[PDB]
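So the sequence lines, in the order shown, correspond to chains A, B, C and D. What the first sequence shows, in our numbering, is residues 24 to 362, in sequence order. What the second sequence shows, in our numbering, is residues 317 to 743, in sequence order. What the third sequence shows, in our numbering, is residues 10 to 63, in sequence order. What the fourth sequence shows, in our numbering, is residues 146 to 584, in sequence order. Structure first, then comments.
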Amino acid sequence: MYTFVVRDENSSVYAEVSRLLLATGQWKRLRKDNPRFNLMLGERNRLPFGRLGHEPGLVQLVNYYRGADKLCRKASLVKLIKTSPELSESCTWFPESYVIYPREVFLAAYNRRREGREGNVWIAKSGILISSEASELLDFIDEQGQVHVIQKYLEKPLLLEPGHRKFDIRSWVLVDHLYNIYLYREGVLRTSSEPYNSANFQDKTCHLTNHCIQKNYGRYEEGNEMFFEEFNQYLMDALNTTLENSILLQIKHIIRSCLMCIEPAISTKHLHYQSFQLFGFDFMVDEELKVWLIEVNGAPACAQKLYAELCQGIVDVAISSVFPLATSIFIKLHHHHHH
Amino acid sequence: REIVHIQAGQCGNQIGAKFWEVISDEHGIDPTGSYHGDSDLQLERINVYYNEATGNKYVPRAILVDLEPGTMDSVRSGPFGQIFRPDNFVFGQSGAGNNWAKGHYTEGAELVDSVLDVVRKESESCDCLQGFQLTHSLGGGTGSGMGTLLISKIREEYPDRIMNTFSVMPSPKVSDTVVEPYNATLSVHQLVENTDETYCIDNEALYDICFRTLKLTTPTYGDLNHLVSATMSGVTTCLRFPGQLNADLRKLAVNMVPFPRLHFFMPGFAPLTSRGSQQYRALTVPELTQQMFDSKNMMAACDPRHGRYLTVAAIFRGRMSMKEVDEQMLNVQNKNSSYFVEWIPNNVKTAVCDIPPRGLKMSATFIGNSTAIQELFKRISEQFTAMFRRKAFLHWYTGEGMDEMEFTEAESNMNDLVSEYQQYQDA
Amino acid sequence: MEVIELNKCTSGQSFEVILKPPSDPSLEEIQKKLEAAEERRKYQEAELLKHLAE
Amino acid sequence: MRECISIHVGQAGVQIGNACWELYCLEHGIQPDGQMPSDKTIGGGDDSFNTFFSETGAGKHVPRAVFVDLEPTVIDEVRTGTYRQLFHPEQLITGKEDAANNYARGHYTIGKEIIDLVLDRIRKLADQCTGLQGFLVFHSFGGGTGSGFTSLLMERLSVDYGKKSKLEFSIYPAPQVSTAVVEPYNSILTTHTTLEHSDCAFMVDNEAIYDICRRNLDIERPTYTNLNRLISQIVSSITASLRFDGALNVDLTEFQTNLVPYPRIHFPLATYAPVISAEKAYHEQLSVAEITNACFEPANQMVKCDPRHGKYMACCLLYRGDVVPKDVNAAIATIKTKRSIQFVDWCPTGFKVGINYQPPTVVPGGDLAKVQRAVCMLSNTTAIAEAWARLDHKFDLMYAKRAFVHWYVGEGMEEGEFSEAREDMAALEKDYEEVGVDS
Ligand SMILES: Nc1nc2c(ncn2[C@@H]2O[C@H](COP(=O)(O)OP(=O)(O)OP(=O)(O)O)[C@@H](O)[C@H]2O)c(=O)[nH]1
Ligand SMILES: Nc1ncnc2c1ncn2[C@@H]1O[C@H](COP(=O)(O)OP(=O)(O)CP(=O)(O)O)[C@@H](O)[C@H]1O
Ligand SMILES: COc1cc(-c2nccc3[nH]c(-c4ccc5cc[nH]c5c4)nc23)cc(OC)c1OC
Ligand SMILES: Nc1nc2c(ncn2[C@@H]2O[C@H](COP(=O)(O)OP(=O)(O)O)[C@@H](O)[C@H]2O)c(=O)[nH]1
Ligand SMILES: [Ca+2]
Ligand SMILES: [Mg+2]
Ligand SMILES: [Mg+2]
Ligand SMILES: [Mg+2]
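The following block contains the structure:
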């Protein structure tokens, strides 16, 4: 009989994990401030990591990796990628980005771009702004009042037909207490329902692919959610390639690169408590079938049809591996090249 | 750190004499008072309960009190009656007639100063007196009425010493008189104000254990007192034997009593054994741990699952693995965490004593400060109100000078104590 | 990796290696606090004796 | 040569003092009767070991130490133990009834009855000093004496010895070995009153020592003897620079200079390696690189916490045994590339290293094996504040319902002191986050 507490009532994924654990007949939910738990489904902010691992007689596990936030925040990600030699400023799969607070390095980037006779249109961070002249860009940063990064807006995205539409790929990644990196079988493609209009960036619906900002909506697929089998079938018919060869190979390389970089900082291998965490990686693919990393979310929400399967995978892979009870949906990412 | 023991009334002297019988055997003292044990570990803390007499003999620091002479003569007639000091026998000739007013206000008042002179005599010969323990019942007149008057007067002379009681609660299943709810309610009001720790020994629970568990169809008082004796020996094990803990009465009270009025403990013992019945199979540490927490092993007729544990003290006796004890004790708290208040972290303390009690290789004693003890006080209050609403049997008490308003106040204070337990059960 | 201030003796050595550069109450008050707590004790004790007197 | 006086308060401070002074005698060659055959200057001297030992005309070396307990059972074992003749009877001070795990009883009720005597005995040791530098105070957080009396003593020492440094060795409460449910109360109360009066405090979490004894010494249920002998090794590592020849941490003032850049953040984290069992048959002696890398494993720390999620303000490496600077620097270079070591921006990223060539000494019959090299790291990291968060949270749970508070008010303490102490701890936590956490 294992015990757990719930401290993020707004988590749809771990609400489903709570139901799955109780339905096993071998897990019991305690009051939220009961310290005698085996598992903590913790809050999103100021989680008391310092209080874990000090209960004699209890192996304790938590659904969050302390320090993983420096991957899951816009400004911190650019800092991590540019300063970590494992990734470097020469990193090929991250768009050119610059941290600016309300830089002479970013100003010298557009100064070489637009005055160099090339494309130049970027994006904001944290409502966003897509502009070609930096004057509008920086002016909005000071009006907003938060740290922002200026990132190259992929002017040449891969456009799904029929529709000339834009789109982003969401990958769910589970990292267990042993720091196994598990890529969930099922991704999802959040889609834009409007024709990508390079002429007018004020049209927010054909440039931003957030499921919320798409609120026109649902013409081509339900909920603007295209999944891997159909998208694989599309690239086969349209582009004579597969999802695995043209996209997923890069995605698996980016996921492993990011998490292997921060592993020494966040691993709980020899810690008095243990950590797992579910991540949400968001990718962009251009028309050259090159995959770009846009951001990664530390508390993602699943797709409706995939909730039952992914949350069941979290239990088997992350929770029952530590707390055992009385073909796999994940792809374990590992690579050992000798050089 | 010496303790002064006092037994008052029939029940107090009967369980008191049998307590001295049990621990004298544990420490190797014969009825004459000579030491004939095999280990010097029995004498390391012998001074807590015994004085050293001429001839290197050990005399209990015990005072025997009653308003009736007969029961104290039976004590002197008892197997270990000659061990006690003759000047510590303080008795009247009236008898209290199961009347709290007679014990507290009239007959007992005549004798109480004589008892305090023996208490003073015994305390003056103490290097560092820690406090007093009283054995008595609450249903009669002497141990109830005169015992609580004795407690009040002792607190007046020794206000910084610990006051400890083993108080036997009345039950209709083992009932001598209809006025026992009156005597108990008036006594509980006193104990709430003037004791630091009270072990609630419920005659209802003692009977139920003898009948349902020990398979005794007709339990004598001797059967009931066999459970009381084993329990009293258990809860005093730390005081009487050297161990890793150097515990005393005040440190126990500080750790067990989060609020001054909530100092009534549920005692528990495992394994439950019948008198004379031999135990061939020793319990394991998991068995001891689950029995000592079982409701069937509680000496107070309360359901622990109906309340929450504020604090718990557990005492293991015998040769066993401290690792296994720690694991089993942690297992009980971790698997039953809902029944321990979360606002008192780490509220369970465990001690292990290498010397087991007589006739057992392994044993465990439970001491719980649980809010479920309100069930015991609710039951006494209900039996009190059933008669007080018609002022039934009150003339026995108004003939000794008491007024009905004193009954109302005692009833009110105990209902207040019940509501105070309820407040922390929901907190 | 600059090794600074290397001092050596027959008992051992000590040094500094730098990787990167940067970027009361008086006696009377105590006696007053202790005496104020004893006064609260003797008041609380006097209330008990007054209560016992009643 | 500047003398140091050791003060041991309560059971924990006394018993740890016993094991420390036993280790000191073995390290310096002083026998239980106090003689030191290697000391050729009979009756006096200004050697490094004279910082902790005075000398009689009979050549007997006497610890500059006072033992205080409000109850006599513990110190009586010192009066009758192996080192009975080592201490003058005036160095051992006992009452008759203790503080009963009550800070208020140790600080106010009982402490006021004995302090003037304790200060008088301390003055006797101070008067035999030609240049006293300060005090080393050993005590527990959880005990009534270790918390209540120590804070009272620290206040008076500031008055009587205004310019003297005061260092603490503090035992942080752990349920695995604790004696009282109110130890979170006593810990916050004593830290609040002592904070301004301590220049440097080395916290030892009994939980960390307990687990190290279980994991690395293969002891199923560690006793106080197992814990205190391991604590003494760490304490000896920290004080060795005061008792032996060297250039680093030669006086108590240097501990504050090297480890404590800000006054209130004066709790350095100690990490020790290697801890190897005597019962281990085949052993592979660990190199300079392996013991230095072990300093950054939380399992070897005196307080369980994660320095990767805090910031460093100072780092000292105290080696004993076969260690040369070349290997230290090579080990540091390798470690810096693989470990998460971030200093604050107003501190240089550097390690202060001290090396004593004599390997650590072990008590005959002890649990620790002899090793050719050992190291104790003293780092001032904000990660130690995790221990404050754990303690303050347990404080909050009990105090919200005023559980056990009547025991303290009954001894003359006021309820306002609880909130005063807790509100100071809240400020201390804010200081640690401020310094160590980036936005
Ligand atoms: N590491 C270690 N901790 C100890 C030792 N003795 C006691 N403690 C710890 O110290 C804390 C408080 O207990 P004590 O120091 O014994 O109590 P005290 O200072 O004597 O104060 P009072 O007895 O209440 O007057 C507890 O957490 C104990 O676990 C010891 O020998 N070694
Ligand atoms: N360099 C870039 N180039 C082109 N489009 C970009 C872009 N960066 C962001 N976008 C667009 O913004 C949309 C949302 O991305 P972003 O990560 O900034 O918002 P978000 O934080 O709400 C994602 P989630 O919360 O689901 O993890 C993407 O779908 C993409 O179309
Ligand atoms: C275990 O049983 C006894 C112990 C003691 C005892 N002695 C000294 C310090 C003691 N702290 C404690 C103690 C008690 C409860 C809790 C809960 C959390 N932490 C605690 C510590 N109990 C102490 C005394 C006894 O009799 C007088 C005993 O028998 C009845
Ligand atoms: N357990 C137990 N209870 C007793 C014993 N003798 C009396 N009682 C109980 O005590 C109450 C009567 O009190 P008693 O001691 O006889 O009155 P007193 O002598 O005037 O104080 C009744 O509730 C009895 O059930 C005994 O030997 N053992
Ligand atoms: Ca000399
Ligand atoms: Mg986001
Ligand atoms: Mg009778
Ligand atoms: Mg003590």
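Ideal placement from N, C-alpha and C gives every residue a C-beta, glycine not left out.
Residue i versus the options, residue with shortest Cα-Cα distance
i         : options                                       : result
B/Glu-438 : B/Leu-502, B/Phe-704, B/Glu-368 and B/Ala-598 : B/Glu-368
A/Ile-289 : A/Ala-91, A/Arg-42 and A/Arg-30               : A/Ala-91
B/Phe-709 : B/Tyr-498, B/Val-601 and B/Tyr-737            : B/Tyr-498
B/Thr-681 : B/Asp-539, B/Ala-521 and B/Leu-588            : B/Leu-588
A/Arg-193 : A/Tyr-202, A/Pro-180, A/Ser-111 and A/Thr-214 : A/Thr-214
D/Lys-257 : C/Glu-48, C/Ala-55 and C/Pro-31               : C/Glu-48
D/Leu-298 : D/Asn-501, D/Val-154 and D/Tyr-355            : D/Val-154
D/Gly-188 : D/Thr-201, D/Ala-353, D/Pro-177 and D/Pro-182 : D/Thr-201
A/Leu-197 : A/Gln-169, A/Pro-347, A/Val-36 and A/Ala-131  : A/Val-36
C/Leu-43  : D/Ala-249, D/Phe-194 and D/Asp-191            : D/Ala-249
A/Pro-108 : A/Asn-239, A/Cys-284 and A/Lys-189            : A/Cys-284
B/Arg-471 : B/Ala-500, B/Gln-506 and B/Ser-491            : B/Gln-506
Chain-ordered neighbours of residue i on chain B, where CB pairs are closer than 7 Å
i         : result
D/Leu-302 : In chain order: nothing, as chain B lies at least about 28 Å away.
D/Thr-218 : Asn-562
A/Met-24  : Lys-651
Proximal residues of chain C, C-beta to C-beta of residue i below 7 Å
i                      : result
residue 786 of chain B : In this structure chain B extends from 317 to 743, so residue 786 of chain B is not present and cannot be described.
B/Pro-602              : Near B/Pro-602 there are no residues of chain C at all, since even the closest Cβ is about 46 Å away, more than 7 Å.
B/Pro-475              : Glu-54 and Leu-57
Beta-carbon neighbours of residue i, restricted to chain C and to distances below 9 Å
i                      : result
B/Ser-503              : Ordered by position in chain C, no residue passes the 9 Å Cβ test against B/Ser-503, which lies about 18 Å from the chain.
D/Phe-286              : The premise fails here: D/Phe-286 is roughly 21 Å from chain C at the closest Cβ pair, so nothing lies under 9 Å.
residue 756 of chain B : Residue 756 of chain B lies beyond the stretch modelled for chain B, which goes from 317 to 743, so this question has no answer here.
D/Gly-555              : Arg-50 and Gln-53
First and last residue of the uninterrupted alpha helix (DSSP H) at residue i
i                      : result
B/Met-388              : 385 to 393
A/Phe-306              : From DSSP, A/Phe-306 is part of no alpha helix (DSSP H) but of the beta strand (DSSP E) over 300 to 308.
D/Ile-333              : 328 to 339
residue 587 of chain D : For chain D, the structure presents residues 146 to 584; residue 587 of chain D sits outside this window and is missing.
Interface partners of residue i on chain D, CB under 9 Å
i         : result
A/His-362 : In chain order: nothing, as chain D lies at least about 18 Å away.
C/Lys-41  : None at all; the shortest Cβ gap to chain D is about 12 Å.
Where the beta strand (DSSP E) containing residue i begins and where it ends
i         : result
B/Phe-482 : 478 to 485
B/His-452 : 445 to 453
A/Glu-318 : 314 to 320
A/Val-29  : 25 to 29
D/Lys-481 : Here D/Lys-481 belongs to no beta strand (DSSP E); instead the alpha helix (DSSP H) covers 470 to 483.
D/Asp-451 : From DSSP, D/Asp-451 is part of no beta strand (DSSP E); its letter is neither H nor E.
Chain D residues whose Cβ lies nearer than 8 Å to that of residue i
i         : result
C/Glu-25  : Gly-495, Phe-496, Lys-497 and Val-498
B/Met-615 : Result: empty, since nearest Cβ-Cβ is about 23 Å, beyond 8 Å.
Under 9 Å from the C-beta of residue i: neighbouring residues of chain B
i                      : result
C/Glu-56               : Chain B residues near C/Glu-56: none, gap ~11 Å exceeds 9 Å.
residue 114 of chain D : The structure shown does not extend to residue 114 of chain D, since chain D is modelled only from 146 through 584, so no value can be given for it.
Where residue i meets chain A, residues with beta-carbon distance less than 7 Å
i         : result
B/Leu-646 : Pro-79 and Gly-80
D/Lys-483 : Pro-287
Chain-ordered neighbours of residue i on chain B, where CB pairs are closer than 8 Å
i         : result
D/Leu-542 : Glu-658, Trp-659, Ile-660 and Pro-661
Got a sec: which bits of the region 56 to 79 of chain A sit with their beta carbon under 9 Å from any beta carbon on chain B, in order along the chain? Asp-56, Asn-57, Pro-58, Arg-59, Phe-60, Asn-61, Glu-78 and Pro-79
| Residues of the region 429 to 456 of chain D whose Cβ lies closer than 9 Å to any Cβ of chain A, in chain order | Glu-442, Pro-443, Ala-444, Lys-449, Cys-450, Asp-451, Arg-453 and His-454
Practice prompt. Please list, following the chain, all residues that have a C-beta closer than 6 Å to any non-hydrogen atom of ligand 6.
Written response: A/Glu-318 and A/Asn-320
Tell me which residues pass a beta-carbon proximity test against ligand 5: closer than 5 Å to any heavy atom, given in chain order.
D/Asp-184, D/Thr-186 and D/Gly-190
With a cut-off of 6 Å, give the chain-ordered residues whose Cβ is closer than this to any heavy atom of ligand 7.
B/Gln-326, B/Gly-456 and B/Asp-492
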